[PDB]
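[1] opening piece of the complex, as it sits:
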Amino acid sequence: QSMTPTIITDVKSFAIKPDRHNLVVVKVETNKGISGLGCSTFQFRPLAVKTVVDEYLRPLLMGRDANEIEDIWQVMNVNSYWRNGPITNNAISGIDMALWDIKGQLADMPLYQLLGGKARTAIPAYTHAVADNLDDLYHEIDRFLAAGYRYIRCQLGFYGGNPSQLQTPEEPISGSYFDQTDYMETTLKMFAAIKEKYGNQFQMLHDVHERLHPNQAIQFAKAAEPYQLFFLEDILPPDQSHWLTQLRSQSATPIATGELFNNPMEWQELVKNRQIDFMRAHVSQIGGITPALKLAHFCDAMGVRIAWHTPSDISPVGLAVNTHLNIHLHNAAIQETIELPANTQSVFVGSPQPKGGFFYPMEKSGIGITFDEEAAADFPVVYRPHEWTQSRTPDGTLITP
Amino acid sequence: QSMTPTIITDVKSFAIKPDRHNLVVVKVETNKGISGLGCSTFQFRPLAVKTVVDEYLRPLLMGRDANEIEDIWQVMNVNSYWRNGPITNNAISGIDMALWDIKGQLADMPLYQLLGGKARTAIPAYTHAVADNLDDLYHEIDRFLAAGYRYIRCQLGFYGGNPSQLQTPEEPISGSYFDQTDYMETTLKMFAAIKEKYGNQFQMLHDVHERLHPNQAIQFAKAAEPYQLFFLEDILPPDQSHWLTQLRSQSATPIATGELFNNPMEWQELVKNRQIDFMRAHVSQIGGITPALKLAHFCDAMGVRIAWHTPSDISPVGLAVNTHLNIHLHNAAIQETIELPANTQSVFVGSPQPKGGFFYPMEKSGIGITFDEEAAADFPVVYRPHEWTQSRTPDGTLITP
């Protein structure tokens, strides 16, 4: 034959914290001595993801033929009967990505080539500029412009912190407090100042990060329209996305959403009805490369573009996968980038980095990342309280974070 | 590197007629000595497809890097500005399939493995039973049942021929004549007779082949409901598919359509609105494997299944491609089959054949078909008049064929 079964002989998970974020990576070993890596990084619940991989997915997968990625994905997806969700899908993602890594290595092709080759020369990147005053923000923007970036996510002010820092009722419920009206006003002030100073030199992005009640979100998105953002992101929480119908009939601000999605019913109608311009799914949250390709193709049919969520809390394996998908998929639009720290580079070898404001194709076979098991051992998970997920308006209402 | 450019060094087309149908196949040669085959078979206009490949696609493609299938597809698709259509897309398909063949060979994987592996053990097949009387029809059905088929397309009577054979006005316009009411009545008689004789032993399919005016189609599809067909196919022509809205609200007969499609606007709303159950696209009519994968994924998002059109007028290259797609795609449902004649097997080596009513995965790297250039030379194109495409009702109205 030209191809024999590739038998899974081990499944391992590694929950580690080299730098600021808890990561989870999965390694699948085979009888051929070809191993694959995958990203299962859900930084807030890494121990729970590890439990799923070690106690449930490993015994399910042992002995199976890794060549059949599609069937294995389908099996994993429904294996616990109840399905979808952030812990469930991250565990599945690590396996699915590792199987694609293995297939690329067997083919001796980088992942983007195995998938059908490139759709572009390189994918544009965007960086993040955030400061509590305009002067410091301009300095960040200036640096990125000199580095070749033509797309920059911009935020003025910080929106969290002790209730002592703003007007609240007495004895406020503990949490991370901000004022929605101050957030909107300050951000519009920022848009106007950046536009006046930089004009067409680059395109702003901005992430509303579900800070607003529905009508506030609609008003804010309308107000963003004159500033010609590349996109305005997450103006509504996932379960109130239908409110976009009112916005879309009166505004042409470009809309991105989806980093929070982990269930197809969150996006099915949005995509079918062209209610968003950019799908921002986090690949591991939707269950890996297998479902990501299908989603990208569904979006493409509707003219919806892709901008996978690629935050600081992603492993270099997940970063590499997004790079391959972005080079291959015709409807990929942009690649979110945050600089990788030194400890992380010590554990993961081969991570892509932007060059002159673009990410170029990665050429090693498979995903292209090597994992140093021994170095990883020095960086166990460390518990974080992440108080920003207890976000409150001044009256003490717990809002979507 | 793990992978160097694969430079296209020739593009050849072969219009041939080994048996009953004019075929067109394309061969792409590379600097690596790896060649790929593709199907461009549009049996009614083979010389026009050959003109497009030889005069336009060859000079466009010479020297390009065959690894970049996605980019090359995008380039070909819009290259003549005006696009879509049966001649345009068949020419593109032959190239696209050949590039996938090359990529599979470079990977040393059969196409279904390169795409992500299998989603099933084997795809069910269906055959065709057609006769002008019930007794002969039963004999065909009996033979197929003994052979292991559980799905059989059934047709009673022939619907064409000289106007002398039915009541028409005097001096009828020349054409292939039939009576729509006789067709409907005879077919319902067939459904009832088969159901009484065979019950649940197999599932019938039936192809209406756009024979009907819209209300007739709706009535006929409703009348088919008690007979539990696997699907009822092409009840409406492509430009009147919106009439399905009336049918779908009052009937649950399973509906298949799409073999005629060669423009995404033919299916976009049908799929988005779940107005069909099975998409029956002819892969070469939609431009090859690249767009077929995207369409299958779009359909999958909506719960629509795939049953690629696989008639007698398809080359063994196109047949092999459908087999790989059917093994790989989770939403593939069934594979239409017609027996391959001896002359064809003389020119094409490696064609898949059903075994016990299923098609199994093909294991040679790439698509898996070898083409005998020398044998092909003995079978030039031969002009056919195909009078059945001049179909008329008794009054002489030219209807969709």
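    The structure has been received and is ready for your questions. Numbers count the residues shown, from 1 in each chain, chains lettered A, B, ... in the order given.

[2] how close does residue A:305 sit to residue A:331?
    Residue A:305 sits 5 Å away from residue A:331, taking Cβ to Cβ, to the nearest Å as the criterion. Just so you know, the C-beta spots here come from the backbone N, C-alpha and C atoms, and that holds for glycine as well.

[3] my bad, should have said residue A:283
    On the measure of Cβ to Cβ, residue A:283 and residue A:331 end up 15 Å apart.

[4] and if you look at residue A:357?
    When Cβ to Cβ is applied, the distance between residue A:357 and residue A:331 equals 20 Å.

[5] residue A:200 too?
    Note on residue A:200: its distance to residue A:331, by Cβ to Cβ, is 25 Å.

[6] neighbour count for the two, which is higher?
    Neighbours around residue A:200 and residue A:331, counted as other Cβ atoms under 10 Å in any protein chain shown, are more numerous at residue A:331. The numbers are 19 against 7.

[7] residues touching the closest residue in space to the more buried one that isn't next to it in sequence, list them.
    Closest residue to residue A:331 apart from its sequence neighbours, by Cβ to Cβ, 6 or more residues apart in numbering or on different chains: residue A:300 at 4.4 Å. Contacts were defined as Cβ atoms under 8 Å, 6 or more residues apart in numbering or on different chains; by that measure residue A:300 touches A:329-331, B:294.

[8] put this one in as chain C:
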Amino acid sequence: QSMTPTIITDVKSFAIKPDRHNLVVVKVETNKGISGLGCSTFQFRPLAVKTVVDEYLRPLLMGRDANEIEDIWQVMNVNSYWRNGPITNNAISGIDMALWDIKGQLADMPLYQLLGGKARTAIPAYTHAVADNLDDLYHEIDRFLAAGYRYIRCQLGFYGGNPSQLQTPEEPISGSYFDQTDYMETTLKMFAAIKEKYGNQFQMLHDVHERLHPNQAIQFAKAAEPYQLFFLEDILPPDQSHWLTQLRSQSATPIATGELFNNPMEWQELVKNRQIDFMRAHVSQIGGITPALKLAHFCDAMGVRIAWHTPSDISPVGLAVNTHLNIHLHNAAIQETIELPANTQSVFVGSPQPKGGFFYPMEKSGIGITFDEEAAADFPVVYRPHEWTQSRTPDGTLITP
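    One more chain to add, chain C, which I have set with the ones above:
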């Protein structure tokens, strides 16, 4: 009788290039010595159109009664089973137009009279002003205004060329490059400058030529609204025209589209739902005069107007046909015009030319064009690479051209 059969005794095609564009014209001869001409001009695939006419339509048509234009159209339209598309329809168009030419000659009436007579005195014309700077653009506009034009298509800048001319990634994929944001900004700058200088002296048109992603198209069309264009054309590619729903609910910019259409499913919903103001079909792309009349009447029912695509790459036969249709149809709005060069006038006699900014009725019987077979012989087809159909944004993405 008052009328005997008109038997088709030959069908000839001529693929020629007198000037800048490959043309295809068809000639139908009859037993009455009355011949007709038709336009089958698809400049990018002229040899393929010729193959269809010579190898397939000629034998189908020989001996038929040319009087029955409607039946012959219906026969041709479905003759290859699969149908629609640019090559298929252009071949059909040449025959259909020639039959109308013959019928007009037998009637001794110009085509517009045969169809029912005029609906206006003369159809307004529009010309094209394009330059890479405002000063040169104003000089073009000034000249057209003095010539009597009240409608002028305006474009500032050129949007194509070597990737060396803009910022791209290294080793850019070959193609014709432009920047969408620069295109939008420069065009809005043009609208504002022309409005300030000329005010109400004439109405601008502008052709977006499917350069934009969907949300960009919507934003750009909204931004065009204050400039009171006669129409804004092709803001979206044909398979993403549904995105107009979002635009139409928030903007009253006049929208034209359809030059790319060659399948009724591209326009059926757009027209039914009044989502466009002007239908810009290219008559030969939709299969000739027979389907053009039906489409114009369907549009008229919905209040949609007609502006047939009449570019430089049309034969004088196609130009004459559009002139007759524009004089006759109540909902015809405007006639796109580009000057005809000398070599072309050497081969075709009788071409209409605008006078004082209008086209007047043509008075010779039939279509009114004579074709010089001998002169045509001096101008064979010459292959063109047309790199503009390989249009890319800076990242290298192949976009709709």
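
[9] all strands of the stretch 301-401 of chain A, in order?
    Remark: strands assigned in the stretch 301-401 of chain A by DSSP state E, counting those that start in this stretch are A:305-306, A:335-336, A:348-349, A:358-359, A:370-371, A:391-392.

[10] ditto for the stretch 1-150 of chain A
    Going by DSSP E, counting those that start in this stretch, the stretch 1-150 of chain A shows strands at A:8-16, A:23-30, A:36-39, A:123-131.

[11] nearest to chain C, of the strands of the stretch 301-401 of chain A?
    Proximity to chain C, assessed across these by Cβ to the nearest Cβ, is greatest for strand A:358-359 (4.7 Å).

[12] and that closest one, what does it pack against?
    In this structure, strand A:358-359 makes packing contacts with strand A:123-131, helix A:316-328, judged by 3 or more Cβ pairs under 8 Å, 6 or more residues apart in numbering or on different chains; DSSP states H and E.

[13] how does it look with 7 Å?
    strand A:123-131 (3 or more Cβ pairs under 7 Å, 6 or more residues apart in numbering or on different chains; DSSP states H and E).

[14] run a quick neighbour tally on residue A:115.
    There are 25 residues near residue A:115, going by other Cβ under 10 Å.

[15] another chain to add, chain D:
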Amino acid sequence: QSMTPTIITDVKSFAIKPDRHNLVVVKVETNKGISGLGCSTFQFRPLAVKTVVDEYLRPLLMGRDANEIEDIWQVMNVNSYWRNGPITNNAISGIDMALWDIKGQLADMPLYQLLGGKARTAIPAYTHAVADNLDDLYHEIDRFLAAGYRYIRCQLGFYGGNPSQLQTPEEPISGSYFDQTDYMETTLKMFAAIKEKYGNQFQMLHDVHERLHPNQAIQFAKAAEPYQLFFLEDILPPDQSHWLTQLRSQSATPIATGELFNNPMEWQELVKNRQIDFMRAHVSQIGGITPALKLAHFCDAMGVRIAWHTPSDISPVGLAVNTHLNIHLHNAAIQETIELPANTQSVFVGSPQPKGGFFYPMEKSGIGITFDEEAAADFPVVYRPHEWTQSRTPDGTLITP
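    To build on what is shown above, here is chain D added in:
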């Protein structure tokens, strides 16, 4: 030139009653000695139609160029500012038809040839079988079957007459009385009896003639479904046609309507939304051939077929026009026929008659009818009370007739 102006030198109208129905015909004379005839027959208000032609259309039209049918139609249509309606449109129709007659004569072509030639060999005809008992109905059906008819409109019982003939309140308001429940029950009894006796030998039609309240109409149409009528006609009055939405979602009975229409807003949504299968417009009620062609093309786009209203109260000029339209239009379905009496044949020469259940193309140039002015003089209009238009249910409610 090939064609000079054709100047209108007189317009005459003739209101006559050769047999059972008041007819109105119009004659347009020209400077060329070519005259045309048109039908303005609105049998209930013939003197009012004559007033419009003689007092208003004649002075408007005198001296105009008859060649410009399209412009003249547009002028007539809006000439009284307020427009549409049965008297307005019938007057316009007579002129429009006469101008087409003139154009056909100038072309030396029968009207169907001038329009583009035939779409079929001959149009099927249907006759009417009506009796107050089944036996007499069967005798009518038997006779028509022997004559070659395959389509027969069937009615059992008569639904009108003195209130003495059914149960009513005392001192009933004068009118023509019937019982809706008796009508529905008797008609379903008829459907069942005919089906049992004749089966597939012919297809029934039935005209509900707006006898029913909306829910009754929906129930009745559903109940007709098993009987496979060619169509069920006028189940609802024109201003309650929207009630079809409920019927269409649960029934596939074929629906025809439109003989009452004289305003495009009556049909615009019905056709656009495919809520009817057959459009039954009375050509003179919609303003003549010019708007009839447009309506037929609009219907064709939507897959709606045409069956022009051709009752006994139509002039032979109107009958001839319908015959030409039915031979030419691809979506024409059937031609209603009632036998022409002897006095009428004395005044009009050239009337078409069905042969073996079909109407064949008419071959004289123009419409093909000659009018005997002298014979017409013997048949002045005679006032009729037409009590059937005062239709009442037993309680005395005046219902749509």
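
[16] again for the neighbour count of residue A:115, since chain D is there now?
    Each residue near residue A:115 was counted by other Cβ under 10 Å, and the total is 25.

[17] which ones are touching the residue nearest to it when sequence neighbours are not counted?
    Distance criterion Cβ to Cβ, 6+ apart; nearest residue to residue A:115, sequence neighbours excluded, is residue A:328 at 4.6 Å. With contacts defined as Cβ atoms under 7 Å, 6 or more residues apart in numbering or on different chains, residue A:328 is in contact with A:112, A:115-119, B:70.

[18] equivalent analysis for residue A:68, please.
    Residues counted as contacts of residue A:68 (Cβ under 7 Å, 6+ apart) are B:117-118.

[19] doesn't residue A:247 belong to a helix?
    Yes: the assignment for residue A:247 (DSSP: H, G, I helix; E, B strand; the rest coil) places it in a helix.

[20] isn't it right up against residue A:221?
    Yes: shown here, residue A:247 and residue A:221 form a contact pair, counting by Cβ atoms under 7 Å, at 5.5 Å.

[21] can you list contacts of stretch A:265-276?
    Identification of contacts with stretch A:265-276 by Cβ under 7 Å, 6+ apart yields A:238, A:241, A:244-245, A:248, A:255-258, A:261, A:279, A:298-299, A:302-304, B:272, C:242-243.
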